[PDB]
Protein chains: 4
Amino acid sequence: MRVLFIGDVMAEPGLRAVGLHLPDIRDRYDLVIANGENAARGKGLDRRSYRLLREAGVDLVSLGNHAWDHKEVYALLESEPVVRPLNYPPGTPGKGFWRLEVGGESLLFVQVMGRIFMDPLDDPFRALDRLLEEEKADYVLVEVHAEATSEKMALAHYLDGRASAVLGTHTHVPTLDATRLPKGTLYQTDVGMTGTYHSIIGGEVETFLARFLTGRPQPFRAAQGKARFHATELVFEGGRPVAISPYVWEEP
Amino acid sequence: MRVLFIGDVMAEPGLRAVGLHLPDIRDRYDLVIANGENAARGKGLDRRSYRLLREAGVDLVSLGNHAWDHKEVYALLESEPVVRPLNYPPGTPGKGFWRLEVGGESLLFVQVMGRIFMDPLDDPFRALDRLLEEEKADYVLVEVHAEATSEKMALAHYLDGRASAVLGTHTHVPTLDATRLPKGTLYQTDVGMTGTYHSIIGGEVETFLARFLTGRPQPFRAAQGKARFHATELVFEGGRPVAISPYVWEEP
Amino acid sequence: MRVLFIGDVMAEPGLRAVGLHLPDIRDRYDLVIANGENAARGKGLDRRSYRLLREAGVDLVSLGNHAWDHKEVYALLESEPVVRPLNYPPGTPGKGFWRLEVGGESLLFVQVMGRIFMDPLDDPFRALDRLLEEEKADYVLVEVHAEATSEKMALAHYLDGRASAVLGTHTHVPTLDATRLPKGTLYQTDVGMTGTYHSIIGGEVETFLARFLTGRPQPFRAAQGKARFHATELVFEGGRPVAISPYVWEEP
Amino acid sequence: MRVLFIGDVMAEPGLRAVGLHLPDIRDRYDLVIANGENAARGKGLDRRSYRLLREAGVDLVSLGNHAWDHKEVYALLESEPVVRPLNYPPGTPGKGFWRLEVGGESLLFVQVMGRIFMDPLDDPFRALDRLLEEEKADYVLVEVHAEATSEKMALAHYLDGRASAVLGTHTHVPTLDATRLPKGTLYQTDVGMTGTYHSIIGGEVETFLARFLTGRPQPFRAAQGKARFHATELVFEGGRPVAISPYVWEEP
Ligand SMILES: [Co+2]
Ligand SMILES: [Co+2]
Ligand SMILES: [Co+2]
Ligand SMILES: [Co+2]
Ligand SMILES: [Co+2]
Ligand SMILES: [Co+2]
Ligand SMILES: [Co+2]
Ligand SMILES: [Co+2]
Ligand SMILES: [Co+2]
Ligand SMILES: [Co+2]
Ligand SMILES: [Co+2]
Ligand SMILES: [Co+2]
Ligand SMILES: [Co+2]
């Protein structure tokens, strides 16, 4: 397995960036997974944005805290290769994991949500322990959608030797810390966002600026402009993690 | 000028990293600044921590949230080139800024602390406005000690054209987004930590994992092991920001 | 001067409860102040809800975090006896305080917002310092809209001997701790909510239950039912705070 | 059955109030339960603290967030009738429930901890469902130690008709809202704390005021002075919750 992991797809520039560049590189990977938490004009996922991702070559789409902004998501969750955080409570729509099959090899993908500085949910560590006991595969990729670097690092060491790779998202800025932990698991704190960086985490500068300055609510406004494609490549060969490499593409 | 900014010096490994390597590249810079908020066994700063950094070639040390862990910091704040967050309220020991002087040129260094997911402090945006209104220099470097990426980015844009460069700390992971904002101000979300990465943000893996698994307090133990020196180089010339470059060195 | 303070007016039952009962006891007071943060269907204040409050016999209306929920508030803020939290940043619409005149005697009303478990606003302690320094009156009433009971008690003690009384809001639950501080200042942790208690914090029980059980988004729905009028009577005389008495009236 | 539930015993004063008064009214109740997470100098519980509580007439002691401040607590958790929140992770020391018995009738007492504005723990709602299936008793008393009133109420309604009574703690201020829910379950937002009220939630006024003004750490210090004994009387007859009444005692 040759896997491409694509950093948070941010609003219209992000979706455009994927649609435009993925086709030119899809051939380089066996499987492509992407976080599409903000794919629907910045907030969530809808049928349209899902389609453009799939049509661009994405095989599986993960969500996050915004996983419920749009109704259409519930249809995507029951019949499409779309997953939400594993560690929502029982009775939650959709699945918290997915099994990808390619070339006779299997890859178990799992997204989990951190709890520090975020909403209360089930314990990510033990939810992972249980899952990994019931679902076996050639490779296991765990995406940790969290705010705290310590929580992301805690989960990764905890997963060392069990997961083939642990990639973080949510923070929107790509980190220069791609490495392999003592027991072999690959790791990166944040993949980064795929969208226009001529903004503040996807939103229009002055909008966010107005929030910090006035202390008064300011409706989200997706920024528009040239985008950056952010992703991380994972090389899984012979049931063992081989290499991890961040990837960047600047839209012309 | 040519300035080197060194990412949070974390406990004994971080201190060794600076003492062992800084001497070797010291002559390539006019000014060397370092965040020493975790220099003392991972918590705050004390006289020994301070002397070591100085002996290595550090010209100025900044703090943050752990600034008040050791009473020895007061003497330091009182008569040494050590600074604390500008945006503490009136009646706070020490200074929140420092105007360095070298070969006839001046560099105003200021550290502000974010408020999102952190303690309630004064408005850093307007705190900076008041300072920059009365304090002038050839160049200005602002360190933003904050948790949220949106807050660091908001502060950078808000200072764009006024500050020569804006660097983020507190996260402990180097980000790959060193760039030049519209009005010329250089920026990087997080310089990264200086210390052993065989840990959880400098803390012993076993210790942090226990906190996360049990939800019960666990006294902080500083991880020990090979270190990584993390810094960011800045080039200011002709009264303008020329370049910004993430720097790394692995301890043999 | 005999003052009535009315606990958070919650959505339609709250507006009703006041419109019904206040006219029957208005005689008993010289001045009446109300928190209308949740007046307009539980979220904010607008022309209609405001008008209903004045007609019921309210002389001044205060808000809080939900102040900006309806843009109709702005007009109200610049021409009507409506005040928002004092500690918002410079340039914030509306006044942070208001002077009430009743038979020669003057009453300075001030609303302050806590920062613990809330948003990063200006320092409320020093904010009051600057105000009470440049604004005098026979009596001073400070409302503390905050979440943490420690912050309310600290603000109260800090104002002891300065404010005639300090009353807390935001909790939506009446507290039984009305008393006199060491230096005379009257105090109660939370006045209580004015609206239907057949709900959770004024919202439908089911909606809120769904939020805690699913961890997923649930739009706010104002509960309906018998209202329970909550307020606190303040007796200031001879320039000195004499009494404080919580008041309750259940809708028949 | 007549049960007396004492509010959080705060340090020396609180501990004194219980020892002096409880022996006087002890005969007026069948079971006496007390929150003692602040009994030992305002920081957790210990042998001395526990002995004094038992010798005072307390049959069971509950804990909370500070349950782990003292090493001696673990031994108490193993043999003595002391409980910590049920909603900690599996493998946690001690129990989160306790079966009391008095002449034929049985009482299941449970303590859960809220999560809003607090630490990440297991889902208290579903934790209660599971416990209530395996543990049955004539009456059930659930203590909700939390910050958010909305969470305490949501839990109360979730237990309505299932729990005999639901009492909240952690806020340190008695609420005037004791009542009966639609399905008979008795409820009160906060029993209030037992200790000297001439302080900010049990702590020295000056100390807490210093924290709020400086924004710098100040070691906790328990206030000393005349105490207020806060509790709530519960009456369970014919297999249903009959009466709930707040209870106060000013120290001579
Ligand atoms: Co490991
Ligand atoms: Co997110
Ligand atoms: Co991201
Ligand atoms: Co290429
Ligand atoms: Co070199
Ligand atoms: Co700009
Ligand atoms: Co820090
Ligand atoms: Co009447
Ligand atoms: Co005082
Ligand atoms: Co409010
Ligand atoms: Co019910
Ligand atoms: Co507590
Ligand atoms: Co309490």
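In what follows, every chain begins at residue 1, and chains take the letters A, B, ... in the order their sequences are listed. Both ligands and their constituent atoms are indexed starting at 1 by order of listing.
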Check whether any N, O or S atom of D/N65 sits under 2.8 Å from the Co ion (ligand 12).
yes

Is a side-chain donor-acceptor pair under 3.5 Å present for A/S62 with A/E143?
yes

I want to know whether C/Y247 and C/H21 have ring centres closer than 6.0 Å.
yes

Report the C-alpha distance between C/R228 and C/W249 in whole Å, list the side-chain angles of each, state the deciding distance to 0.1 Å, and finish with yes or no for side-chain contact (heavy atoms from CB on, under 4.5 Å).
CA-CA 6 Å; C/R228 205 170 74 183; C/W249 178 81; over 6 Å; no

Need the atom name: nearest N/O/S atom of A/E37 to the Co ion (ligand 2).
OE1

Got a sec: is A/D8 within less than 2.8 Å of the Co ion (ligand 2) via an N/O/S atom?
no

Proximal heteroatom of D/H170 relative to the Co ion (ligand 12) (N/O/S):
ND1

For the residue pair A/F5 and A/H230, is the inter-centroid distance of their aromatic rings smaller than 6.0 Å?
no

